[PDB]
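Enquirer: Can you read through this structure? Questions will come right after.
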Amino acid sequence: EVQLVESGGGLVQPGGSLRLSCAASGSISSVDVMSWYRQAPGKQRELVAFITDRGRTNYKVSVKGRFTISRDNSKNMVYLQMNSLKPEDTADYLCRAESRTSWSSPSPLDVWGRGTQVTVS
Amino acid sequence: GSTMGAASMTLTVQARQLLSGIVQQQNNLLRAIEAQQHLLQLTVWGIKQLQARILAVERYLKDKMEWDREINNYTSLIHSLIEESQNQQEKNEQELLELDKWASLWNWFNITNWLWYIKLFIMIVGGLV
Amino acid sequence: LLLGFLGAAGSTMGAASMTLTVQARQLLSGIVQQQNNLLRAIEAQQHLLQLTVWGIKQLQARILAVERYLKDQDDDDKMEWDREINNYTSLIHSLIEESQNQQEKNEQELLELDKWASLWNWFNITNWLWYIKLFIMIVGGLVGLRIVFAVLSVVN
Amino acid sequence: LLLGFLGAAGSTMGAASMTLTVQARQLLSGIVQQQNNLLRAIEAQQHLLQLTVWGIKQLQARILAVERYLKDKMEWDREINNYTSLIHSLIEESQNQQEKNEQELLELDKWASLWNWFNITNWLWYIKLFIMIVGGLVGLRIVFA
């Protein structure tokens, strides 16, 4: 079963940029969906962006046009480029591996990471 | 053939986009309401000033607690409802991304093609028999 | 094996759009509640508009009294404004009534969607296919007896 | 054989799919029609807002003429006009999106109805074939006996 590790977090001035990186243990070329979530103190766990096994990418309304999700199957990596960051983007960011049941997976894959903190102030 | 009879997705995808459109429309409407609210406030403020002004004029000729009540009541009501609607719009938009999951290409497509192919085999067998 | 042989015709007469619907039930519920909240906000803004119009009327009356008592030591652009105000007012009231009706209709349709969703489940399916089995058996037997009587009339 | 019977049972579950997908499209229509009601309500309320602003300007005019006969604001006018332009832009965009949704729903319903009649004809043809087969089988059984 795959294991996810977040990296690239920190604090940045409003208007700066960061590059979060979800390193998966196993090969995520067969993982159906790789998603970036964020969770703030006292708020819900918000789905920020998601990419698919075929490269279908989609983002959140408040972050479209300034966040960019990407994937490198050679390194088994899911990157999230954050640009023009607002104070609203401060949260612990998680990456999640999702895989509905198919012909090769007997059990559905649902793996979380431990998240990296991102502060914009 | 059944491979080219898999364009049902183009209708299903349609549904998908339709939802998004509707969702966006909701947002749109909300924004409009919000703007009206601010405009409302502006008008309200102006009215007060005018009233204030007229009071001065009326005082020049010498030498309420319920209209404001309902004004403030409905203003707080609109503000609470705008907050509730903004939270609901955030929730609806996030739920739509958690719904743009799966399909729209080669996962849910081949499944439809194979099911249609099985249906065809069953129909051919029935006709032959 | 056989389960796929059933599911073939099942989900081809079913399609994945039904899966989309049974997974977007909650999204549509959220959209309906959003419409209801927006309608309530529109009603409250309408009350606010009525209050502002009444305040304008009151300030107009006070200033007219002031200027009359001044001249005691502009008039045609008033009835038209009142008429247009009342017209748009009745229009908004009608639209809000129809919107409330439509909102109740949408909520009822959502409830009916969930009614059918609970109607099938996993096990009413088996009883219904059992009755379909009985139906096919009966009709096949009847048309078989008809074929037998046709052959008998040919022999006679 | 029984493959056709399970294939006939599944095909008859197309009424189970038609039941839930139609009511969904019904809710899609009422949702779009509801937004059109709210939008046109925002339109008329905006017309009502314009009449209030003009009435205030008329009150500002005659209260300044009374004041001058006896003897901030420009920023208020500026903000009024700014929010008016915002309202008009949002109304135009909402009307465009409403027309988009209406036409999309129209085409969706048209092609859904055509596909539904297609599926109905397929199911009718297959149930005809299956019932004719089982009838021929029962007939040959009775002829055999």
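Chain labels run A, B, ... following the order of the structure tokens; each chain numbers its residues from 1, and ligands are numbered from 1 in the order shown.
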Taking only C-alpha atoms into account, produce a table as a tab-separated table in which each residue of chain B with an atom at most 9 Å from an atom of chain C appears once, together with its shortest atom pair and the distance in Å to one decimal, ordered by chain and rising number.

Expert:
```
residue	atom	partner	partner_atom	distance
B:8	CA	C:15	CA	8.2
B:9	CA	C:17	CA	8.3
B:11	CA	C:17	CA	8.6
B:12	CA	C:17	CA	5.7
B:15	CA	C:17	CA	8.3
B:16	CA	C:20	CA	8.4
B:19	CA	C:28	CA	8.4
B:22	CA	C:31	CA	8.3
B:23	CA	C:31	CA	7.1
B:26	CA	C:35	CA	7.4
B:29	CA	C:38	CA	8.0
B:30	CA	C:38	CA	6.8
B:33	CA	C:42	CA	7.2
B:36	CA	C:45	CA	8.1
B:37	CA	C:45	CA	7.0
B:40	CA	C:49	CA	7.2
B:43	CA	C:52	CA	7.4
B:44	CA	C:52	CA	6.4
B:47	CA	C:56	CA	6.9
B:48	CA	C:55	CA	8.9
B:50	CA	C:59	CA	7.6
B:51	CA	C:59	CA	6.4
B:54	CA	C:63	CA	7.0
B:57	CA	C:66	CA	8.3
B:58	CA	C:66	CA	7.2
B:61	CA	C:66	CA	8.7
B:67	CA	C:51	CA	7.3
B:70	CA	C:51	CA	8.1
B:71	CA	C:48	CA	6.4
B:74	CA	C:44	CA	5.9
B:75	CA	C:48	CA	7.5
B:77	CA	C:44	CA	7.1
B:78	CA	C:41	CA	5.6
B:79	CA	C:41	CA	8.6
B:81	CA	C:41	CA	6.0
B:82	CA	C:41	CA	7.1
B:84	CA	C:37	CA	7.6
B:85	CA	C:37	CA	6.1
B:86	CA	C:34	CA	8.9
B:88	CA	C:34	CA	6.2
B:89	CA	C:34	CA	7.1
B:91	CA	C:30	CA	7.8
B:92	CA	C:30	CA	5.9
B:93	CA	C:27	CA	8.7
B:95	CA	C:27	CA	6.2
B:96	CA	C:27	CA	6.7
B:99	CA	C:24	CA	7.1
B:108	CA	C:16	CA	7.8
B:112	CA	C:15	CA	7.2
B:114	CA	C:8	CA	8.1
B:115	CA	C:8	CA	4.7
B:116	CA	C:12	CA	5.9
B:117	CA	C:8	CA	8.2
B:118	CA	C:8	CA	5.6
B:119	CA	C:9	CA	5.2
B:120	CA	C:9	CA	8.9
B:122	CA	C:5	CA	8.1
```

Enquirer: Which residues come within 12 Å of residue 116 (chain C), counting only C-alpha atoms, excluding same-chain residues fewer than 2 positions away, as a ChimeraX atom specification?

Expert: /C:22,109-114,118-121,124 /D:15-24

Enquirer: Using only N, CA and C atoms, please write the residues we just selected to a file, as a CSV table (one decimal), in the first residue's frame.

Expert:
```
chain,number,residue,atom,x,y,z
C,22,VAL,N,-27.3,9.5,-8.4
C,22,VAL,CA,-27.3,9.0,-7.1
C,22,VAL,C,-26.1,9.5,-6.3
C,109,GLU,N,-39.7,17.4,-5.5
C,109,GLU,CA,-39.1,16.5,-6.5
C,109,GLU,C,-37.8,15.8,-5.9
C,110,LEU,N,-37.0,16.5,-5.1
C,110,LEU,CA,-35.9,15.9,-4.5
C,110,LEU,C,-36.3,14.8,-3.6
C,111,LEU,N,-37.3,15.0,-2.8
C,111,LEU,CA,-37.8,14.0,-1.9
C,111,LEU,C,-38.3,12.8,-2.7
C,112,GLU,N,-38.9,13.0,-3.8
C,112,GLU,CA,-39.4,11.9,-4.6
C,112,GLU,C,-38.2,11.1,-5.2
C,113,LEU,N,-37.2,11.8,-5.7
C,113,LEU,CA,-35.9,11.1,-6.1
C,113,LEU,C,-35.4,10.2,-5.0
C,114,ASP,N,-35.4,10.7,-3.8
C,114,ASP,CA,-34.9,9.8,-2.7
C,114,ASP,C,-35.9,8.7,-2.4
C,118,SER,N,-34.7,4.8,-2.4
C,118,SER,CA,-35.0,3.8,-1.4
C,118,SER,C,-35.9,2.7,-1.9
C,119,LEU,N,-36.7,2.9,-3.0
C,119,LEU,CA,-37.5,1.9,-3.5
C,119,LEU,C,-36.7,0.7,-4.0
C,120,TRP,N,-35.6,0.9,-4.7
C,120,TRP,CA,-35.0,-0.2,-5.3
C,120,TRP,C,-34.0,-0.9,-4.3
C,121,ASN,N,-33.0,-0.2,-3.8
C,121,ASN,CA,-32.1,-0.7,-2.8
C,121,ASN,C,-31.3,-1.9,-3.3
C,124,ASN,N,-35.5,-5.4,-3.0
C,124,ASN,CA,-36.7,-5.3,-3.8
C,124,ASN,C,-36.4,-5.7,-5.2
D,15,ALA,N,-36.6,0.4,-16.8
D,15,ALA,CA,-37.6,1.2,-16.2
D,15,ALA,C,-37.1,1.7,-14.8
D,16,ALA,N,-36.3,1.0,-14.1
D,16,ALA,CA,-35.7,1.5,-12.9
D,16,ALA,C,-34.7,2.6,-13.1
D,17,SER,N,-34.0,2.6,-14.3
D,17,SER,CA,-33.1,3.7,-14.6
D,17,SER,C,-33.9,4.9,-15.1
D,18,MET,N,-34.9,4.6,-16.0
D,18,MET,CA,-35.7,5.7,-16.5
D,18,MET,C,-36.5,6.4,-15.4
D,19,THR,N,-36.8,5.7,-14.3
D,19,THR,CA,-37.6,6.3,-13.2
D,19,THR,C,-36.8,7.4,-12.5
D,20,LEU,N,-35.5,7.2,-12.2
D,20,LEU,CA,-34.8,8.1,-11.4
D,20,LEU,C,-34.1,9.2,-12.3
D,21,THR,N,-33.7,8.9,-13.5
D,21,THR,CA,-33.0,9.8,-14.3
D,21,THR,C,-34.0,10.9,-14.9
D,22,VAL,N,-35.3,10.6,-15.0
D,22,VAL,CA,-36.3,11.6,-15.5
D,22,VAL,C,-36.6,12.6,-14.4
D,23,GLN,N,-36.9,12.1,-13.2
D,23,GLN,CA,-37.1,13.0,-12.1
D,23,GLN,C,-35.9,13.9,-11.8
D,24,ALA,N,-34.7,13.4,-12.0
D,24,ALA,CA,-33.5,14.3,-11.9
D,24,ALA,C,-33.6,15.4,-12.9
```

Enquirer: Determine which residues of chain D sit within 7 Å of chain B, taking into account only C-alpha atoms, and present them as a list in words.

Expert: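 Taking only C-alpha atoms into account, residues 4, 7, 39, 53, 56, 60, 80, 83, 87, 90, 94, 97, 101, 104, 108, 126, 129 and 130 of chain D sit within 7 Å of chain B.
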
Enquirer: Quick one: distance from CA of residue 82 (chain C) to CA of residue 57 (chain C) in Å, one decimal?

Expert: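 Separating CA of residue 82 (chain C) from CA of residue 57 (chain C) is a distance of 9.4 Å.
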